[PDB]
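Colleague: Pasting protein.pdb below, which is PDB, C-alpha atoms.
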ATOM      1  CA  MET Y   1     -46.189  17.101 -11.919
ATOM      2  CA  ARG Y   2     -46.379  20.641 -10.468
ATOM      3  CA  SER Y   3     -45.304  22.064 -13.838
ATOM      4  CA  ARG Y   4     -47.063  23.106 -17.058
ATOM      5  CA  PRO Y   5     -47.994  20.757 -19.950
ATOM      6  CA  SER Y   6     -46.487  20.133 -23.406
ATOM      7  CA  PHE Y   7     -43.135  18.624 -24.437
ATOM      8  CA  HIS Y   8     -43.827  15.518 -22.315
ATOM      9  CA  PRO Y   9     -41.198  13.226 -23.944
ATOM     10  CA  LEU Y  10     -43.118  11.255 -26.568
ATOM     11  CA  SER Y  11     -46.627   9.868 -26.630
ATOM     12  CA  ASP Y  12     -47.448   6.211 -26.227
ATOM     13  CA  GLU Y  13     -49.531   6.555 -29.444
ATOM     14  CA  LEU Y  14     -46.088   6.633 -30.961
ATOM     15  CA  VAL Y  15     -44.505   3.635 -29.235
ATOM     16  CA  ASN Y  16     -47.548   1.585 -29.984
ATOM     17  CA  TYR Y  17     -48.091   2.643 -33.579
ATOM     18  CA  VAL Y  18     -44.398   2.017 -34.338
ATOM     19  CA  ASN Y  19     -45.203  -1.392 -33.028
ATOM     20  CA  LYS Y  20     -48.597  -2.097 -34.647
ATOM     21  CA  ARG Y  21     -46.999  -1.040 -37.897
ATOM     22  CA  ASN Y  22     -45.023  -4.282 -37.658
ATOM     23  CA  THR Y  23     -41.590  -3.325 -39.040
ATOM     24  CA  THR Y  24     -37.926  -4.421 -38.712
ATOM     25  CA  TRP Y  25     -37.887  -3.309 -35.081
ATOM     26  CA  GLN Y  26     -39.903  -2.619 -31.927
ATOM     27  CA  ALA Y  27     -39.919   0.495 -29.719
ATOM     28  CA  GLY Y  28     -40.280   1.487 -26.111
ATOM     29  CA  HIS Y  29     -39.479   4.396 -23.848
ATOM     30  CA  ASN Y  30     -35.769   4.812 -23.054
ATOM     31  CA  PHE Y  31     -36.076   8.307 -21.581
ATOM     32  CA  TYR Y  32     -38.321   8.894 -18.570
ATOM     33  CA  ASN Y  33     -39.016  12.297 -17.160
ATOM     34  CA  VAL Y  34     -37.190  14.680 -19.491
ATOM     35  CA  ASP Y  35     -37.633  18.164 -20.903
ATOM     36  CA  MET Y  36     -37.957  17.848 -24.657
ATOM     37  CA  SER Y  37     -35.174  20.434 -25.100
ATOM     38  CA  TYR Y  38     -32.974  17.672 -23.778
ATOM     39  CA  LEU Y  39     -34.238  15.193 -26.375
ATOM     40  CA  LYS Y  40     -33.146  17.687 -29.017
ATOM     41  CA  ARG Y  41     -29.946  18.829 -27.300
ATOM     42  CA  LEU Y  42     -28.671  15.251 -27.731
ATOM     43  CA  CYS Y  43     -28.868  15.600 -31.504
ATOM     44  CA  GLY Y  44     -26.079  18.178 -31.744
ATOM     45  CA  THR Y  45     -24.229  17.316 -34.939
ATOM     46  CA  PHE Y  46     -24.817  19.595 -37.936
ATOM     47  CA  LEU Y  47     -24.668  17.726 -41.298
ATOM     48  CA  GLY Y  48     -23.300  19.808 -44.230
ATOM     49  CA  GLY Y  49     -20.457  22.358 -43.994
ATOM     50  CA  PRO Y  50     -17.133  20.604 -44.281
ATOM     51  CA  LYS Y  51     -15.732  17.249 -45.522
ATOM     52  CA  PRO Y  52     -12.059  16.005 -45.414
ATOM     53  CA  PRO Y  53     -10.247  14.509 -48.452
ATOM     54  CA  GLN Y  54     -11.553  11.170 -49.771
ATOM     55  CA  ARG Y  55     -10.952   7.504 -49.286
ATOM     56  CA  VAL Y  56     -11.482   5.184 -52.136
ATOM     57  CA  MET Y  57     -11.220   1.564 -51.244
ATOM     58  CA  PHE Y  58      -9.852  -0.140 -54.340
ATOM     59  CA  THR Y  59     -12.560  -2.930 -54.246
ATOM     60  CA  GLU Y  60     -10.838  -5.666 -56.251
ATOM     61  CA  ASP Y  61     -10.235  -9.066 -54.613
ATOM     62  CA  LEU Y  62     -10.907  -8.557 -50.891
ATOM     63  CA  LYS Y  63     -14.010 -10.494 -49.810
ATOM     64  CA  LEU Y  64     -15.481  -8.844 -46.736
ATOM     65  CA  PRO Y  65     -17.514 -10.906 -44.234
ATOM     66  CA  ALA Y  66     -21.283 -11.382 -44.425
ATOM     67  CA  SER Y  67     -21.315  -9.976 -40.920
ATOM     68  CA  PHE Y  68     -18.820  -8.289 -38.603
ATOM     69  CA  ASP Y  69     -18.429  -6.937 -35.082
ATOM     70  CA  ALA Y  70     -15.390  -4.653 -34.642
ATOM     71  CA  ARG Y  71     -15.380  -5.675 -30.957
ATOM     72  CA  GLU Y  72     -14.781  -9.341 -31.727
ATOM     73  CA  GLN Y  73     -12.130  -8.762 -34.385
ATOM     74  CA  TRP Y  74     -10.063  -7.029 -31.751
ATOM     75  CA  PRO Y  75     -10.817  -8.298 -28.215
ATOM     76  CA  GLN Y  76      -7.577  -6.664 -27.054
ATOM     77  CA  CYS Y  77      -9.137  -3.211 -27.502
ATOM     78  CA  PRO Y  78     -11.753  -2.706 -24.718
ATOM     79  CA  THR Y  79     -12.314   0.775 -25.981
ATOM     80  CA  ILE Y  80     -14.486  -0.783 -28.706
ATOM     81  CA  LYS Y  81     -17.028  -2.161 -26.177
ATOM     82  CA  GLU Y  82     -17.358   1.229 -24.456
ATOM     83  CA  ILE Y  83     -20.572   3.267 -24.553
ATOM     84  CA  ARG Y  84     -20.200   6.908 -23.506
ATOM     85  CA  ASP Y  85     -22.805   9.421 -22.303
ATOM     86  CA  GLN Y  86     -22.724  13.128 -23.118
ATOM     87  CA  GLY Y  87     -24.959  14.583 -20.399
ATOM     88  CA  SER Y  88     -27.026  17.600 -21.495
ATOM     89  CA  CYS Y  89     -24.449  18.539 -24.123
ATOM     90  CA  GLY Y  90     -24.673  18.532 -27.926
ATOM     91  CA  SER Y  91     -21.191  17.036 -28.078
ATOM     92  CA  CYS Y  92     -22.174  13.904 -30.037
ATOM     93  CA  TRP Y  93     -19.914  15.229 -32.814
ATOM     94  CA  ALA Y  94     -16.892  15.109 -30.513
ATOM     95  CA  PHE Y  95     -17.771  11.739 -29.025
ATOM     96  CA  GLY Y  96     -17.969   9.776 -32.239
ATOM     97  CA  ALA Y  97     -14.707  11.458 -33.072
ATOM     98  CA  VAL Y  98     -12.945  10.335 -29.898
ATOM     99  CA  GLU Y  99     -14.622   6.937 -29.493
ATOM    100  CA  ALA Y 100     -13.564   6.103 -33.046
ATOM    101  CA  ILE Y 101     -10.102   7.614 -32.511
ATOM    102  CA  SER Y 102      -9.669   5.761 -29.177
ATOM    103  CA  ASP Y 103     -10.158   2.413 -30.895
ATOM    104  CA  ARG Y 104      -8.030   3.209 -33.941
ATOM    105  CA  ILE Y 105      -5.145   4.135 -31.639
ATOM    106  CA  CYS Y 106      -5.327   0.710 -29.948
ATOM    107  CA  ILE Y 107      -5.953  -0.895 -33.350
ATOM    108  CA  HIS Y 108      -3.051   0.609 -35.216
ATOM    109  CA  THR Y 109      -0.583   0.975 -32.298
ATOM    110  CA  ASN Y 110      -0.211  -2.752 -32.907
ATOM    111  CA  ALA Y 111      -2.675  -3.749 -30.197
ATOM    112  CA  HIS Y 112      -0.446  -1.859 -27.787
ATOM    113  CA  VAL Y 113      -1.584   1.378 -26.206
ATOM    114  CA  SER Y 114      -5.349   1.464 -25.715
ATOM    115  CA  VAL Y 115      -6.193   4.947 -24.405
ATOM    116  CA  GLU Y 116      -9.437   6.789 -23.574
ATOM    117  CA  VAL Y 117      -9.104   9.825 -25.810
ATOM    118  CA  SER Y 118     -10.725  12.867 -24.223
ATOM    119  CA  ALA Y 119     -14.011  14.208 -25.596
ATOM    120  CA  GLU Y 120     -13.647  16.768 -22.835
ATOM    121  CA  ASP Y 121     -10.559  18.170 -24.522
ATOM    122  CA  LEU Y 122     -11.922  18.038 -28.096
ATOM    123  CA  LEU Y 123     -15.173  19.564 -26.875
ATOM    124  CA  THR Y 124     -13.651  22.490 -24.995
ATOM    125  CA  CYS Y 125     -10.369  23.347 -26.702
ATOM    126  CA  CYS Y 126     -11.400  23.167 -30.358
ATOM    127  CA  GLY Y 127     -13.592  26.308 -30.467
ATOM    128  CA  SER Y 128     -15.326  27.995 -33.425
ATOM    129  CA  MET Y 129     -13.216  25.869 -35.744
ATOM    130  CA  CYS Y 130     -15.224  22.725 -34.800
ATOM    131  CA  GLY Y 131     -18.492  24.648 -34.555
ATOM    132  CA  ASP Y 132     -20.301  25.653 -31.352
ATOM    133  CA  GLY Y 133     -19.278  23.355 -28.520
ATOM    134  CA  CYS Y 134     -22.234  22.038 -26.465
ATOM    135  CA  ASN Y 135     -24.713  23.389 -29.016
ATOM    136  CA  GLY Y 136     -23.741  21.571 -32.197
ATOM    137  CA  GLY Y 137     -20.655  20.801 -34.243
ATOM    138  CA  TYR Y 138     -18.888  19.427 -37.304
ATOM    139  CA  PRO Y 139     -17.338  15.941 -37.118
ATOM    140  CA  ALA Y 140     -15.003  16.855 -39.995
ATOM    141  CA  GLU Y 141     -13.175  19.492 -37.928
ATOM    142  CA  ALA Y 142     -13.420  17.088 -35.054
ATOM    143  CA  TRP Y 143     -10.845  14.849 -36.729
ATOM    144  CA  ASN Y 144      -9.073  17.802 -38.423
ATOM    145  CA  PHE Y 145      -8.412  19.054 -34.926
ATOM    146  CA  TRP Y 146      -6.919  15.789 -33.649
ATOM    147  CA  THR Y 147      -4.434  16.013 -36.522
ATOM    148  CA  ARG Y 148      -3.827  19.725 -36.037
ATOM    149  CA  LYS Y 149      -3.694  20.148 -32.290
ATOM    150  CA  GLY Y 150      -4.048  16.598 -31.003
ATOM    151  CA  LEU Y 151      -6.085  15.262 -28.081
ATOM    152  CA  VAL Y 152      -5.102  14.317 -24.547
ATOM    153  CA  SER Y 153      -6.743  11.479 -22.625
ATOM    154  CA  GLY Y 154      -9.916  11.538 -20.564
ATOM    155  CA  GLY Y 155     -12.315   8.836 -19.386
ATOM    156  CA  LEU Y 156     -15.902   9.135 -18.145
ATOM    157  CA  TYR Y 157     -17.335  11.723 -15.770
ATOM    158  CA  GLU Y 158     -15.933  11.184 -12.304
ATOM    159  CA  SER Y 159     -13.981   8.137 -13.489
ATOM    160  CA  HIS Y 160     -10.622   9.606 -12.343
ATOM    161  CA  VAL Y 161      -8.992   8.267 -15.476
ATOM    162  CA  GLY Y 162      -6.314  10.241 -17.306
ATOM    163  CA  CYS Y 163      -5.727  13.906 -18.046
ATOM    164  CA  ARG Y 164      -9.227  15.317 -18.696
ATOM    165  CA  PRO Y 165     -12.228  13.073 -18.019
ATOM    166  CA  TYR Y 166     -15.566  14.414 -19.169
ATOM    167  CA  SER Y 167     -16.941  17.019 -16.729
ATOM    168  CA  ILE Y 168     -20.657  16.735 -17.577
ATOM    169  CA  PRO Y 169     -22.802  14.352 -15.388
ATOM    170  CA  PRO Y 170     -25.276  12.072 -17.059
ATOM    171  CA  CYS Y 171     -28.926  13.032 -16.789
ATOM    172  CA  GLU Y 172     -31.079  10.533 -14.959
ATOM    173  CA  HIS Y 173     -33.257  10.277 -18.033
ATOM    174  CA  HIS Y 174     -32.749   6.562 -17.718
ATOM    175  CA  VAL Y 175     -35.636   5.857 -15.323
ATOM    176  CA  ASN Y 176     -36.877   8.276 -12.614
ATOM    177  CA  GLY Y 177     -39.089  11.100 -11.379
ATOM    178  CA  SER Y 178     -38.034  11.968  -7.824
ATOM    179  CA  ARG Y 179     -35.896  14.695  -9.447
ATOM    180  CA  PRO Y 180     -37.056  17.008 -12.187
ATOM    181  CA  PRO Y 181     -36.600  16.348 -15.980
ATOM    182  CA  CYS Y 182     -32.906  16.995 -16.690
ATOM    183  CA  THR Y 183     -33.492  19.767 -19.308
ATOM    184  CA  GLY Y 184     -30.874  19.889 -22.062
ATOM    185  CA  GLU Y 185     -29.699  23.299 -20.845
ATOM    186  CA  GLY Y 186     -25.993  23.544 -20.377
ATOM    187  CA  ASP Y 187     -22.947  25.585 -21.132
ATOM    188  CA  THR Y 188     -19.795  24.565 -22.969
ATOM    189  CA  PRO Y 189     -17.023  24.059 -20.245
ATOM    190  CA  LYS Y 190     -13.652  25.808 -20.464
ATOM    191  CA  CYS Y 191     -10.451  24.835 -22.229
ATOM    192  CA  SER Y 192      -8.229  23.920 -19.335
ATOM    193  CA  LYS Y 193      -4.776  22.946 -20.648
ATOM    194  CA  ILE Y 194      -4.093  20.989 -17.442
ATOM    195  CA  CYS Y 195      -4.216  17.322 -16.363
ATOM    196  CA  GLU Y 196      -5.954  16.165 -13.163
ATOM    197  CA  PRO Y 197      -3.756  16.531 -10.114
ATOM    198  CA  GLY Y 198      -1.751  13.416  -9.323
ATOM    199  CA  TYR Y 199      -1.905  12.513 -13.058
ATOM    200  CA  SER Y 200       1.376  12.216 -14.998
ATOM    201  CA  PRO Y 201       2.509  12.935 -17.813
ATOM    202  CA  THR Y 202       1.701  16.597 -18.510
ATOM    203  CA  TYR Y 203      -1.334  17.676 -20.527
ATOM    204  CA  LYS Y 204       0.984  18.664 -23.397
ATOM    205  CA  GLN Y 205       2.751  15.323 -23.008
ATOM    206  CA  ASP Y 206      -0.628  13.591 -23.245
ATOM    207  CA  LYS Y 207      -1.794  14.885 -26.605
ATOM    208  CA  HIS Y 208      -2.030  11.975 -29.032
ATOM    209  CA  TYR Y 209      -2.011  13.285 -32.644
ATOM    210  CA  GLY Y 210      -3.483  11.807 -35.784
ATOM    211  CA  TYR Y 211      -2.079  11.199 -39.248
ATOM    212  CA  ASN Y 212      -4.724  12.699 -41.484
ATOM    213  CA  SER Y 213      -8.428  13.161 -41.780
ATOM    214  CA  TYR Y 214     -10.395  11.749 -44.782
ATOM    215  CA  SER Y 215     -13.944  11.241 -45.823
ATOM    216  CA  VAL Y 216     -15.117   7.694 -46.621
ATOM    217  CA  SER Y 217     -17.103   7.291 -49.826
ATOM    218  CA  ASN Y 218     -20.929   7.204 -49.864
ATOM    219  CA  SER Y 219     -20.933   3.511 -50.761
ATOM    220  CA  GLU Y 220     -21.672   0.841 -48.194
ATOM    221  CA  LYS Y 221     -18.973  -1.617 -49.346
ATOM    222  CA  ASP Y 222     -16.181   1.046 -49.092
ATOM    223  CA  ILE Y 223     -17.328   1.642 -45.538
ATOM    224  CA  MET Y 224     -17.439  -2.105 -44.810
ATOM    225  CA  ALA Y 225     -13.845  -1.960 -46.091
ATOM    226  CA  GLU Y 226     -12.769   0.984 -43.925
ATOM    227  CA  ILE Y 227     -14.153  -0.549 -40.758
ATOM    228  CA  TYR Y 228     -12.682  -3.892 -41.742
ATOM    229  CA  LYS Y 229      -9.039  -2.915 -42.240
ATOM    230  CA  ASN Y 230      -8.848   0.230 -40.090
ATOM    231  CA  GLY Y 231     -11.329   0.339 -37.252
ATOM    232  CA  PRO Y 232     -14.730   1.870 -36.385
ATOM    233  CA  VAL Y 233     -15.693   5.131 -37.980
ATOM    234  CA  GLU Y 234     -17.680   8.247 -37.125
ATOM    235  CA  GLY Y 235     -20.878   8.852 -39.006
ATOM    236  CA  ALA Y 236     -23.853  11.166 -39.155
ATOM    237  CA  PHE Y 237     -27.525  10.527 -39.673
ATOM    238  CA  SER Y 238     -30.759  12.379 -39.087
ATOM    239  CA  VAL Y 239     -32.721  11.797 -35.943
ATOM    240  CA  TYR Y 240     -36.533  11.596 -36.070
ATOM    241  CA  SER Y 241     -38.634  11.107 -32.908
ATOM    242  CA  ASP Y 242     -39.337   7.420 -33.442
ATOM    243  CA  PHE Y 243     -35.615   6.596 -33.265
ATOM    244  CA  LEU Y 244     -35.559   7.887 -29.679
ATOM    245  CA  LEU Y 245     -37.746   4.931 -28.834
ATOM    246  CA  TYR Y 246     -35.472   2.151 -30.149
ATOM    247  CA  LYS Y 247     -35.308  -0.981 -28.013
ATOM    248  CA  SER Y 248     -34.309  -3.685 -30.441
ATOM    249  CA  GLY Y 249     -33.862  -5.057 -33.905
ATOM    250  CA  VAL Y 250     -33.158  -3.127 -37.085
ATOM    251  CA  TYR Y 251     -34.311   0.500 -37.108
ATOM    252  CA  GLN Y 252     -36.262   1.990 -39.965
ATOM    253  CA  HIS Y 253     -37.661   5.493 -39.771
ATOM    254  CA  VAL Y 254     -41.434   5.355 -39.613
ATOM    255  CA  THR Y 255     -42.905   8.625 -38.302
ATOM    256  CA  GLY Y 256     -42.291  11.628 -36.090
ATOM    257  CA  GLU Y 257     -40.355  14.805 -36.844
ATOM    258  CA  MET Y 258     -36.649  15.674 -37.078
ATOM    259  CA  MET Y 259     -35.060  15.960 -33.679
ATOM    260  CA  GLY Y 260     -31.955  16.981 -35.584
ATOM    261  CA  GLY Y 261     -28.530  15.678 -36.591
ATOM    262  CA  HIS Y 262     -26.674  13.070 -34.524
ATOM    263  CA  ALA Y 263     -23.120  11.716 -35.025
ATOM    264  CA  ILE Y 264     -22.300   8.121 -34.032
ATOM    265  CA  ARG Y 265     -19.684   5.390 -34.176
ATOM    266  CA  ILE Y 266     -20.415   2.626 -36.701
ATOM    267  CA  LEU Y 267     -18.371  -0.416 -35.868
ATOM    268  CA  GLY Y 268     -19.970  -3.299 -37.729
ATOM    269  CA  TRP Y 269     -22.613  -4.991 -39.802
ATOM    270  CA  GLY Y 270     -24.581  -8.120 -40.233
ATOM    271  CA  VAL Y 271     -27.949  -9.228 -41.543
ATOM    272  CA  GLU Y 272     -30.682  -9.818 -38.962
ATOM    273  CA  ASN Y 273     -33.755 -11.419 -40.467
ATOM    274  CA  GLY Y 274     -32.727 -10.607 -43.992
ATOM    275  CA  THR Y 275     -32.312  -6.907 -43.192
ATOM    276  CA  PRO Y 276     -28.679  -5.822 -43.556
ATOM    277  CA  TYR Y 277     -27.861  -3.400 -40.791
ATOM    278  CA  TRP Y 278     -25.017  -1.280 -39.427
ATOM    279  CA  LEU Y 279     -23.973  -1.920 -35.814
ATOM    280  CA  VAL Y 280     -23.740   1.555 -34.300
ATOM    281  CA  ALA Y 281     -22.566   2.839 -30.921
ATOM    282  CA  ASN Y 282     -24.566   5.732 -29.485
ATOM    283  CA  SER Y 283     -23.513   8.234 -26.823
ATOM    284  CA  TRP Y 284     -26.597   8.191 -24.593
ATOM    285  CA  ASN Y 285     -25.445   5.711 -21.974
ATOM    286  CA  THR Y 286     -25.885   1.969 -21.469
ATOM    287  CA  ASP Y 287     -29.582   2.214 -20.492
ATOM    288  CA  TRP Y 288     -30.529   3.397 -24.008
ATOM    289  CA  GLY Y 289     -31.914   0.995 -26.690
ATOM    290  CA  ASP Y 290     -29.906  -2.247 -26.506
ATOM    291  CA  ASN Y 291     -27.140  -1.836 -23.912
ATOM    292  CA  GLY Y 292     -26.219   1.408 -25.622
ATOM    293  CA  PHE Y 293     -25.712   0.117 -29.150
ATOM    294  CA  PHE Y 294     -28.363  -0.051 -31.952
ATOM    295  CA  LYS Y 295     -28.980  -1.090 -35.551
ATOM    296  CA  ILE Y 296     -30.075   1.025 -38.544
ATOM    297  CA  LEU Y 297     -30.969  -0.058 -42.069
ATOM    298  CA  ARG Y 298     -27.766  -0.300 -44.157
ATOM    299  CA  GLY Y 299     -27.356  -0.143 -47.932
ATOM    300  CA  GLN Y 300     -30.169   2.311 -48.666
ATOM    301  CA  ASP Y 301     -28.319   5.326 -47.192
ATOM    302  CA  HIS Y 302     -30.946   5.438 -44.500
ATOM    303  CA  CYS Y 303     -31.357   8.851 -42.907
ATOM    304  CA  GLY Y 304     -27.887   9.636 -44.250
ATOM    305  CA  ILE Y 305     -25.973   6.941 -42.375
ATOM    306  CA  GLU Y 306     -24.004   6.227 -45.520
ATOM    307  CA  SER Y 307     -23.290   9.915 -46.380
ATOM    308  CA  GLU Y 308     -21.047  11.385 -43.612
ATOM    309  CA  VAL Y 309     -18.377   8.739 -42.771
ATOM    310  CA  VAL Y 310     -15.427  10.800 -41.593
ATOM    311  CA  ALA Y 311     -12.265   9.024 -40.310
ATOM    312  CA  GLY Y 312      -8.480   8.814 -40.132
ATOM    313  CA  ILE Y 313      -5.269   6.989 -39.186
ATOM    314  CA  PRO Y 314      -3.300   7.635 -35.978
ATOM    315  CA  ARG Y 315       0.315   8.797 -35.881
ATOM    316  CA  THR Y 316       2.579   5.777 -35.285
ATOM    317  CA  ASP Y 317       5.731   6.354 -33.124
TER     318      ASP Y 317
END
Taking this structure as input, can you express it in the form of structure tokens?
Modeller:
Amino acid sequence: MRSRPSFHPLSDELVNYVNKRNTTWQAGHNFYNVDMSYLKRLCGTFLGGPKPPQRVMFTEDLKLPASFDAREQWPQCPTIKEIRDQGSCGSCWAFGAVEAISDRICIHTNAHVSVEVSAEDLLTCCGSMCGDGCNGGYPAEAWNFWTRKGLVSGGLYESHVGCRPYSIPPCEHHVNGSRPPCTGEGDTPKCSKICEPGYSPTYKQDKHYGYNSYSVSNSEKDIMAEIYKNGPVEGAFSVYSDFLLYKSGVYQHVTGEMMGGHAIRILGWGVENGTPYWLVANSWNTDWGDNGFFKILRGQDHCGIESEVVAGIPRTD
């Protein structure tokens, strides 16, 4: 391959052992031709550090469903079926924030205004408050910031939708080798308080603000409750190398080492083959795992999926 050895994505010994081990899932390569610094630049959420108020779902008489897909409950909100890609940027913290916010806006604005909240804006105008930009960040501040400063609107890279659409291109990690391995290297883009030409309203007239920012309790049922009456939520869990290989079924960490922390958007649950799972939306494109979504073992706070559930309500009127 003209270059030196080492860091070749992951070894087949992995894929195959994860498979011979015969567990709740099955793995296969999602990334082809990539510098391993990329595979670790994806996992750019910190874990630890802050944590909003608290949200205690009063249990009582509400019987939640044995399964649930936040996309079905609200077909009117297309935002829910969207899978974003973050390019070579550790902005996963900002994506879960916006992808969860996007939905909630459509959810709580009656089913009125559905709007692609901009990760571009959160990513580049939040600063040291939220963390480190393209090199890691705190989902707590992510929401805190929406409530403080508010976020404009911005679709996908080169989508021409709204004020500030994400400026980072996706890496062709999907499936090719005519180009070289899109290394995770990258710099955090600049805070440009300005909408795309031709776009109206004005950037300042595009900021959508939130109501408050709270933490969801570390109990699965409370979470099932939050997603059920409010809308998808942003989480955090630890990434180990095997997870990179997810193709289908319910994930369970088997081997490999920590790639780092990765935020996501949980938007549902169900039980597949007697294994309760959480339906989570990644930010690695639609060619990753199962059409961009994936399932992780729920109820046993797997890899910390049930620890960091940050979230909040949008500002009506």
Colleague: What lies within 9 Å of stretch 276-281 of chain Y using only C-alpha atoms, ignoring chain neighbours under 2 positions off, as a count of residues only?
Modeller: 31
Colleague: Nearest to residue Y:160: which of Y:197, Y:139, Y:127, Y:5 is it, counting all atoms listed in the file?
Modeller: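 Under the stated criterion, the closest residue is Y:197.
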Colleague: From the list Y:317, Y:290, Y:308, Y:187, which residue is nearest residue Y:135 when using only C-alpha atoms?
Modeller: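 Ranking Y:317, Y:290, Y:308, Y:187 by distance to residue Y:135, first place goes to Y:187.
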Colleague: If the PyMOL selection byres ((chain Y and resi 172) around 12) were run on this exact file, what residues would it hold? Put them as an MDAnalysis selection string.
Modeller: chainID Y and resid 30:35 38 85:88 169:171 173:184 284:288
Colleague: Applied to this file, what does the PyMOL selection byres ((chain Y and resi 240) around 6) return in terms of residues, put as a count of residues only?
Modeller: 8
Colleague: Please determine, counting all atoms listed in the file, which residue among Y:100, Y:107, Y:94, Y:309 has the shortest atom-to-atom distance to residue Y:121.
Modeller: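 Ranking Y:100, Y:107, Y:94, Y:309 by distance to residue Y:121, first place goes to Y:94.
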Colleague: Working from the structure I just supplied, which lacks atoms in stretch 51-62 of chain Y, can you model N, CA, C and O atoms there and output them as a compact mmCIF listing (two decimals), keeping the file's coordinate frame?
Modeller:
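So part23.txt came out as:
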# COMPACT_ATOMS: atom_id res chain seq x y z
N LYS Y 51 -15.94 18.59 -44.95
CA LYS Y 51 -15.73 17.25 -45.52
C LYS Y 51 -14.26 17.16 -45.93
O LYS Y 51 -13.82 17.87 -46.84
N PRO Y 52 -13.49 16.30 -45.25
CA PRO Y 52 -12.06 16.00 -45.41
C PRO Y 52 -11.75 15.57 -46.85
O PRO Y 52 -12.59 15.77 -47.75
N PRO Y 53 -10.58 14.94 -47.09
CA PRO Y 53 -10.25 14.51 -48.45
C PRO Y 53 -11.21 13.48 -49.07
O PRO Y 53 -12.33 13.82 -49.47
N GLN Y 54 -10.75 12.24 -49.20
CA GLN Y 54 -11.55 11.17 -49.77
C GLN Y 54 -10.85 9.85 -49.55
O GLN Y 54 -9.63 9.82 -49.39
N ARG Y 55 -11.59 8.77 -49.47
CA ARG Y 55 -10.95 7.50 -49.29
C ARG Y 55 -11.63 6.58 -50.22
O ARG Y 55 -12.82 6.35 -50.10
N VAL Y 56 -10.88 6.09 -51.19
CA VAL Y 56 -11.48 5.18 -52.14
C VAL Y 56 -10.83 3.83 -52.02
O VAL Y 56 -9.65 3.65 -52.28
N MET Y 57 -11.61 2.93 -51.45
CA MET Y 57 -11.22 1.56 -51.24
C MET Y 57 -11.23 0.92 -52.62
O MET Y 57 -12.27 0.87 -53.33
N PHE Y 58 -10.04 0.48 -53.03
CA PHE Y 58 -9.85 -0.14 -54.34
C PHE Y 58 -10.58 -1.49 -54.63
O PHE Y 58 -10.10 -2.29 -55.43
N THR Y 59 -11.77 -1.70 -54.04
CA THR Y 59 -12.56 -2.93 -54.25
C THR Y 59 -11.72 -4.19 -54.49
O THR Y 59 -11.19 -4.79 -53.54
N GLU Y 60 -11.59 -4.53 -55.77
CA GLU Y 60 -10.84 -5.67 -56.25
C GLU Y 60 -11.15 -7.04 -55.64
O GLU Y 60 -12.31 -7.45 -55.59
N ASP Y 61 -10.12 -7.71 -55.14
CA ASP Y 61 -10.24 -9.07 -54.61
C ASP Y 61 -10.54 -9.32 -53.14
O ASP Y 61 -10.66 -10.49 -52.74
N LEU Y 62 -10.65 -8.29 -52.32
CA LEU Y 62 -10.91 -8.56 -50.89
C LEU Y 62 -12.38 -8.86 -50.61
O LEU Y 62 -13.26 -8.04 -50.89
